[PDB]
Structures are given as structure tokens and as C-alpha cells.
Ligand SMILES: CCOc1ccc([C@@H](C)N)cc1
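Given as C-alpha cells, the chain that follows is alone and in the form solved without the named molecule.
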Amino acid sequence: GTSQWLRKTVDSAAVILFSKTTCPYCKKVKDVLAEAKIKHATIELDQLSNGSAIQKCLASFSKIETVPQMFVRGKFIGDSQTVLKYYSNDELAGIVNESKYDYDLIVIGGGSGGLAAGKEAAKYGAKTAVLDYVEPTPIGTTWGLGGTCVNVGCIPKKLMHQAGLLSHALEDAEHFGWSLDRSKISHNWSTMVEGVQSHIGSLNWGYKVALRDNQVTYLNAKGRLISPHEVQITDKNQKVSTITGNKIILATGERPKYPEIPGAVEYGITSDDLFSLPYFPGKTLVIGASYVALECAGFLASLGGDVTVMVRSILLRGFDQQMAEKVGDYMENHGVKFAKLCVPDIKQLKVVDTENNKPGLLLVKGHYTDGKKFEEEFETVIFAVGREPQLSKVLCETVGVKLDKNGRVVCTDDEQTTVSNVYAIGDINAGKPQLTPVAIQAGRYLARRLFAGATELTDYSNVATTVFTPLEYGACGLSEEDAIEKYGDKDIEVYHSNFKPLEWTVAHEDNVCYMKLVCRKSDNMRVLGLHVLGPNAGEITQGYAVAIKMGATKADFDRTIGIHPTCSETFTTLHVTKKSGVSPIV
């Protein structure tokens, strides 16, 4: 147990010092390593309840039982006297840079997970390379370092959501006494895009600075794993070469899908293109009903667009469907049109005018599930019909990395693949929630297990979410229907209430915001799931995710006192049950 941990830690750490906080000989080795600019992990044995056993087991590797003990890539280097000997003879730099491989770690993919893992590994002296390449979209769109969230995801989508929210802030301002006239104010798409892209550019640059300052090698090149320790890279001049690494992290993410219909790739766009589009989309059709589809349709309408969403079956498949219907009803009452139970079968009427900065014009044909026809003209058609990896481009099938039937990597609970030195994190890890903070935690925690002797695993359960539709939807845990399927309706109690933000009173709806707690009767009214539709829903939801992680019950919500006046305090006084039939209105 202790011995098995120590073997794994010694074998995979790049540079590690076993030490105690009270030893001046350990302090004297630290100071020499710092002055030589030698980064390393350190384990302070006097701070571990198991340290006496670890100190005994170290002798299996070094034939000594004292501290300090310095290891480099699985090899005992020496005690105090020996390390200073190498230092005085200027032999130390060559000893700690000695490796069978070019890098201790090669990360394939420079996005949320991969950048987090690479920076964290370099902290402990792992010689690290991060590879990133952005294959252009069909119309040619490309972007800089940072991945999907930074460039074409969470960051620009929430900034355009805020632009949409400010439309209603402007309307509200009149009722609170300000002299503006909202009906005479308009929005300039190109001005907003320039500001969004200026922020994204500061993030691209920030990541490059961060890697340089952590001594991480950044290669803007496409990587391919051709054997367990060999990565073939192709650069911007099509030069092809091979680099080797001890540990490999796959972190290449996904890209948008297109439907297999005529004209889709030629004349439509995806979210990859939307966030840098030089012209306002105009009259827009969004095909799909995921959170990407609804978030984009929502802010486009708030910015003055004529928007339609084509829904094949249901909204927000996989989310609580009572909540999904309330989200969509709010959008439909506030300027979004819906074509329900409908799919597309795209013809070009006008080519995009790039010189005068105008969209083209398209004719869309489709059909409803009963057979009736759809036919209408749009200036822009956005596909939001799912995302997928293309690991055949990343991974030679002779390496032996197992994939599932959706093409994602099958991993153990420590992110290890079926090849012992190769790991996968982020969206390509089969079965895991596909979110940026999950990818960051996985990569950071993994780097610490590989190179600093850590043991902590990432916990993927009850991860909270927020959908940034015009009225936001936050959730943590099970949907009501999933809880009833798992435990049975007789064991499920649901407490719920409508509410009205105080900010909405002077601004003139009473009963559109809504919240509920889904609870298990036979486990002390355990909170299985929390759901809220209203302003600032992500700020509301986040703190409750800690309580749910700790096993909160309805009694825990009851005994906690509210903060007044807030939206969130309504969770502290819920009392109306669905079984009672009593109305939830205010």
C-alpha cells in the first residue's frame, strides 16, 4: 500500500526530493536546487501520518533511510554530500536533464484541459511540450491558442449574452427614472464583435506568455501518436518530424457536426464561425435544440434579429424537461420563433458580399414528422446538431488505445487509457461531463499524480451547469424524471415555487421565474437535484453545489437563513409540494 504508492511515485516523477521541514540538510539541498534554477517536487515526510513507513521503504531504492533523498526519473541521485559534490563539480545540470525521451510529457491539444495539465506538470520539473493546431472551418475560419471555450465557446457566447441582456437593462432604466428612450437605440454587430475579439486576443497572448514563463515548449503543429512514446508533428510548412515523450496526454476536443444534406457545408455556418462573423447574420434559422442552439438564438433575438429555431423532437435533451419547456416558452414569448417536430432536407440564392459586409440569401426546405412541408428563405443558417472528435486523425490504430462506439477514449478513473503511459482528458474522455472546469480539474489533478506523488482523483458526480438563455437555467444533480425512474414516484418529494426578482417590480412578469428541489423521502429528504430559472442563475446555483456534494437534505436548506432581498433566498423557505396540488404562484 505505502510501498506500492512509493514505487509509482519514484518511477514517474521527473525530479523529486524527499525531505523534512526540520532538517537543515534538506534546506541546504533546496537552496542549491533553487539557485541552479532546478524545478522539482518535494514531499515533506514529517507532514504525512505514513512518513515513518515511507522513510523505511525508501531504503529499497537507495540503500539509505535518512533525508534528504533526491531522485531523477526513477534513479536515486544521492544524499546531501553527493548532491553538493555534483554541484561543486558542475555535474548536476547534466544529471537532472538526462532522459531516454525528449520530453517527460507531451500534451496533444492546447485547450482547456491540455493547457491546464501542461502548466501544472512543468511546476514539478517535468520537461513539457504542448501541441496546438486549429483546423480551419469549411469557410476558412481559424483562431489562436486556448481551445474551444476561449475562442468559439463559453467566453464569446457569454459576452454576446451580456450584450443581449443590456437591451433589457436599457428598457428597465426608464422605469427607474433615467431619461433615455429605448425605442430610439439600435445595436451595431461589428462594434460588439471587435470588442469580443480584442478580449479573445488578449487571452491568446496570455497563454503564450504563460507557457514561455513556465519553460513549456509550445509548438503550433498538428500531432499524431504513432506509437506509445512517439508523436509525429507537422508544422505550418508541412515539415514532418518525430518527438518522443515518457507520458502522453490526449486533449484534442471536438468540432461541430453537419447534417448530411445538400448545401449544408457549402452555405451554412456553425458556432465556430459565428463569434468572429464580420456581418450581422440578419434573418437567421438555427437548426438544432441543444444549449448551443438556444443560447445563440436567444442573444441574436435580443440584438434585434429575426430568429427561428428548427426543433427535431424536444428542447435540451438530457436536461429536466419541465425546466426545458419553461426556458423555451420564455424565448417564444420574447421574440424567438420555433418550427417544432421538423428537420431540414439548403439552396443558394445570393452569395455572401464580403466587400460590402452583407450576408447572402438561402432557401431552406424541410419536413415535419407528419409529412407536411417546410419552405422559407433566410440570410444565415446556423447548424447546432452536436459535436464529435476525429481521433482517427490524432491516433494510429496500431498504438492500441481503446475507443467506444462514439469514438471517445475509454479510461480508468485516473484517466489512463489501455496504453499504460497514455492518458486522456476533457471532451474526448468517454462518459464524462463535457465542460471547461471539468477538463481543467482533470488535467491539473492528473499532472500532480504523475509528477508530484499526489493521489487525489477528479470527482465527476453532481457537476452543476448553467444554460445562458435569455432567462438563465441553473441545475445541479438529477432531473425530476431521472429521480422518479431510479427510486420510484412514491419515494420522490418535490418542493417548488414561482418567484419575482425585486428588480422586476418597478420594471413591470409575476410568475415566470421558478425553482424546485427534488428529494428522496426514504433517505432523510436528501436533495437529489436543484433547479432554478431566473436572472443570474449561475451565481445562484454555484454555492449550492458544495452543499449537494456534502449530502444536503431539505432540513439543511430549512435551518439555513436567507439573505434578503435576493432571488436565491427562495430556496431557504420552500414548502409547497407537487403531491399536495397547491399552486406554486406568488
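One rule holds for the numbers: they count along the sequence shown, beginning at 1.
The same protein also has a form solved in complex with the named molecule, omitted here; what follows describes it.
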| query | Just to confirm, residue 402 within 4.5 Å of the named molecule in the deposited complex by heavy atoms? | reply | yes
| said: in the deposited complex, does residue 417 come within 4.5 Å of the named molecule, counting heavy atoms only? | reply: yes
| query | Is there a heavy atom of residue 484 no more than 4.5 Å from a heavy atom of the named molecule in the deposited complex? | reply | no
| task | Answer with yes or no whether residue 412 is in contact with the named molecule in the deposited complex, where contact means some heavy atom within 4.5 Å. | result | yes
